[PDB]
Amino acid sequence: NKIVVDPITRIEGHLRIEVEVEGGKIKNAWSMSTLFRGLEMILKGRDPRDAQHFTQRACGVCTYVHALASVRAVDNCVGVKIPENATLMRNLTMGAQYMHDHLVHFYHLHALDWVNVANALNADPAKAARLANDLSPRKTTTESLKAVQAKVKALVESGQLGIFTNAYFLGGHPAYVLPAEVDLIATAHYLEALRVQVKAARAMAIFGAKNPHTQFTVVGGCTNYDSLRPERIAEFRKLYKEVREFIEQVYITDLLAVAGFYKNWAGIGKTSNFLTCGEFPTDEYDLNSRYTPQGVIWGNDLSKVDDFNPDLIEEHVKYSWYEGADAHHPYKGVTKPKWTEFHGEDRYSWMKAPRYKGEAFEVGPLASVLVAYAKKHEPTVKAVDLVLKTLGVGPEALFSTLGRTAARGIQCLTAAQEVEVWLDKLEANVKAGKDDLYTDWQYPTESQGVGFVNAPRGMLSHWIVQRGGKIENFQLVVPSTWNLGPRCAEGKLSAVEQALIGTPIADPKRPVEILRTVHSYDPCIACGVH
């Protein structure tokens, strides 16, 4: 029995899911990415300095992160040590991206799998407001919830549902179990988050020039001296505090509220191997200098964290649309596209299949939060303990779709909390008359380099080989490549394919259970394929 969901909506890019069902549970799965662009092919022979501009266009949702990975890789192959202010500025910009990215994912990409907007019309608004007031410290009025209810009403009565047209929750759905009051609060916050995200992206643009697609980084550091003015720094600070408060007081509390009604999702979507390179360094040449730590977890075992070893990465193509079946470490990566139709020669995707020491891994917030928890990163310990105590579960509940969703919230929180530290340091440096942002550098005759970035979706790495200031090879291996890529030559399912096994399907015609698990990985197909 075959179910196909194509297109998968509320993600970035072009994904098709095919699943086999038996007894009302998924018994097998295929993750099919259906757009190829070929950025690595385009980069060959070009100027290393142009790289960050092309690779940023890998994706406009996780904007900035590919530019960071590229200047880190070129910084690295050239041996330059950028000044402290460049490190601070780059970290600040990444912090703002975490804040913006995770907010938009929860409300605008993920929530509609759990929230029945139409049922919001049945909510008693006074009762919803009181519940809102128990959940968060800020005050909500009956009146504002009535207004939201009125807006949903105009939409439904107009007969133009727009983006709600043919929703899986229309006419009721056995998998949507939220009480009407909670559906209303979620909907109100969904609308509010549309305005909050605008403030997060503005904060980012103060250092980054613009959002989407920043323009302030160069090999050797950053260019944005203008942002070093007290005025600009104060303006960042104020936006940053508003977005932070909303995250703390609305996002996190909404997340726990909704999770509470779906505690069964703690037993669904279990996976086993996790890794991260860490993010936010003080030393651009030492992963252990990073605010969130690097680490590798094998088979759900939190008592032992191995060191991240990038020598162990290989990308497979046996089940993808590329020539042949060999796997390569990215310094020797090959990108030779070869289409064979859906399942032709059993191939079903434009993503390569990254494996770590031959095994399939999951990356991203959960993976990052697990490693930091295992290593006793105190900010993460406190955030995790809160989720766990709030839901009434032990740490075993984290290895799941519900846990993957909670972990995104924690990752957002721990980043937001640290941002003020980097900002104070940058300011104190400037006040003391230390305003350097750039370090001169020169091309080695011949060199290679690598940049590691823990993006909002997970471990990102750009790999360059250059000769005479010309690119000989440039490969990206990106978090969604790991999460949503297909089987490798050993036939091992990827994180998302494996996570889907066992998933119960109440209504095969409207398989929202598939969306829930897929969305918890926050898929980005332009990222994954490039």
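In this text, residue numbers run from 1 along the sequence as written.
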Exercise. So which stretch wins on mean C-alpha B-factor, 391 to 399 or 357 to 365?
Worked result: 391 to 399
For this session: Between 192 to 200 and 415 to 423, name whichever shows the higher mean Cα B factor according to the PDB entry.
Result: 415 to 423
Exercise. Reading the B-factor column of the entry, which of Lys27, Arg37, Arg487, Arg49 has the highest value at its C-alpha atom?
Worked result: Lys27
For this session: Would you mind checking which of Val177, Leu255, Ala73, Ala167 has the top Cα temperature factor in the PDB entry?
Result: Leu255
Exercise. For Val518, does the deposited CA B-factor place it in the lowest, middle or highest third of the chain?
Worked result: lowest
Exercise. Going by what the PDB entry lists, where does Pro504 fall on CA B-factor within its chain: lowest, middle or highest third?
Worked result: highest
Problem set entry | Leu43, C-alpha B-factor rank within chain (lowest, middle or highest third) | highest
Exercise. Within this chain, which third does the Cα B-factor at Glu181 fall in: lowest, middle or highest?
Worked result: lowest
Problem set entry | Cα B factor band for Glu341 (lowest, middle or highest third within the chain) | highest
